[PDB]
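The chain that follows stands alone, in the form deposited in one PDB entry, written as structure tokens.
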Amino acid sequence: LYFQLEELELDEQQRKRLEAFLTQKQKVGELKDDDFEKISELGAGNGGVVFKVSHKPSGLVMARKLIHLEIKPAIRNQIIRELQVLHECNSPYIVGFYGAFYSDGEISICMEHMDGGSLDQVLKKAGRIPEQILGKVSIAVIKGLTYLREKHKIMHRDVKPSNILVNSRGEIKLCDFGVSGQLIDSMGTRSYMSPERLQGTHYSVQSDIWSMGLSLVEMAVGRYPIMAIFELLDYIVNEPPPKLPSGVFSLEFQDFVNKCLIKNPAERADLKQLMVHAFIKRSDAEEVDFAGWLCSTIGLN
């Protein structure tokens, strides 16, 4: 394989992992419904269901997300075409992609199976996620958002703990980002939407930063930090943003989440500012055995 990954500025461990995923991916060509065998259900959300599946031709285990869409064949074909851009989204902070296709009313998005599931699943078992672990998660989310914005000119649009995947090798990766404008066009109890997105405002990277800040507070505290639908949304729009409880969390982490949760998107921190924030600089220097913590917390390996 003639790897052209020089632009990523990968460390040796990251380079080995990314080249290994891409090498496995070479066993996978056209994806068809008949070539899969369902192993189990990984989980489900509002828009789709995700199954752990065996791809019979390659022998690979994958996560197959199925989104029910039975629309004009030409517009569903445009969605499938737009999803093919995922073949160009190679980053240590973005879930690996095998392919996307349509079959009998469902769009399938086939991904790298992440054996640690999502941080939403981890949170249910851990209770609360330690601040040092959240430092590593924050680095991964900022780096993933920067990669999608700088290399592909897209915003995530759906940052939340269920869209941050982890594995037994200690990798942290984003999924469910808005790669397809038409899929966004064609498509509850908790909202991670920014106050400006709830009110109307055009999508900005700033809205993803709010979502990340809220997700960090939830994971730090062990509960959604904001109940009726109007009551919850009215709180986000018209009341002060949530804050981390003082004393239990470092001043750096409190300031970092505070900068993400500023109501005015112009005053709210941007990705460049967050990357050099004291919380990120401190967290990047820390030696944290994320893999060991994850495997111990959820009983992996």
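By rigid core we mean the largest C-alpha set that fits within 1.5 Å across both forms. Numbers for residues come from their place in the sequence shown, where the first is 1.
Residues without coordinates, deposited sequence, stretch from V205 to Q206: is the count none, 1 to 3, 4 to 9, or 10 or more? In the record, the chain runs straight from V205 to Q206 with none unmodelled.
Continuity check for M187 and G188, given as deposited residues lacking coordinates between them: Some 4 to 9 residues are missing between them.
Please compare 191-199 with 70-78 and name the stretch with the higher mean C-alpha B-factor in the deposited structure. Of 70-78 and 191-199, the stretch with the higher C-alpha B-factor average is 70-78.
Stretch exceeding the other in mean C-alpha B-factor - 284-292, 7-15: Of 7-15 and 284-292, the stretch with the higher C-alpha B-factor average is 7-15.
Highest-ranked of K143, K136, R157, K124 once sorted by CA temperature factor in the record: If I rank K143, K136, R157, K124 by C-alpha B-factor, first place goes to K124.
Most elevated Cα B-factor in the entry, residues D120, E171, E231, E106: Of the options given, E231 has the highest CA B-factor in the PDB entry.
Chain-relative CA temperature factor third for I209: Lowest third of the chain for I209's C-alpha B-factor.
Ranking every modelled residue in this chain by its Cα temperature factor as given in the entry, which third contains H55? Middle third.
When the deposited Cα B-factors of this chain's modelled residues are ordered and cut into thirds, is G178 in the lowest, the middle or the highest one? CA B-factor rank for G178: middle third.
Place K243 in the lowest, middle or highest third of its chain's C-alpha B-factors, as listed in the PDB entry. Highest third of the chain for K243's C-alpha B-factor.
Sorting by Cα B-factor within the chain, modelled residues only, which third would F249 end up in: lowest, middle or highest? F249: CA B-factor falls in the middle third of its chain.
Although not depicted, the form deposited in another entry is the subject of the following passage.
Of the candidates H113, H156, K173, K160, the only Cα that travels 2 Å or more between this form and the one not shown, given a rigid-core fit: If I go through the list carefully, the shifting residue is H156.
Once you line up the core, how about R76: does its CA shift reach 2 Å between this form and the one not shown? The answer is yes; the displacement is at least 2 Å.
Tell me, please, whether between this form and the one not shown the C-alpha of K281 is shifted by 2 Å or more, with the rigid core used for superposition. No, the C-alpha moves less than 2 Å.
Does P195 move appreciably between this form and the one not shown, meaning a CA displacement of 2 Å or more on the superposed rigid core? Yes: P195 shifts by at least 2 Å between this form and the one not shown.
Kindly indicate if, in the other entry, the C-alpha atoms of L244 and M193 are closer or farther apart than in the structure shown, bearing in mind the change is 3 Å or more. So the answer is farther.
So the Cα-Cα distance between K65 and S180 shifts by 3 Å or more in the other entry; is it shorter or longer than what we see here? Between the C-alphas of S180 and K65, the gap narrows in the other entry (3 Å or more compared with this form).
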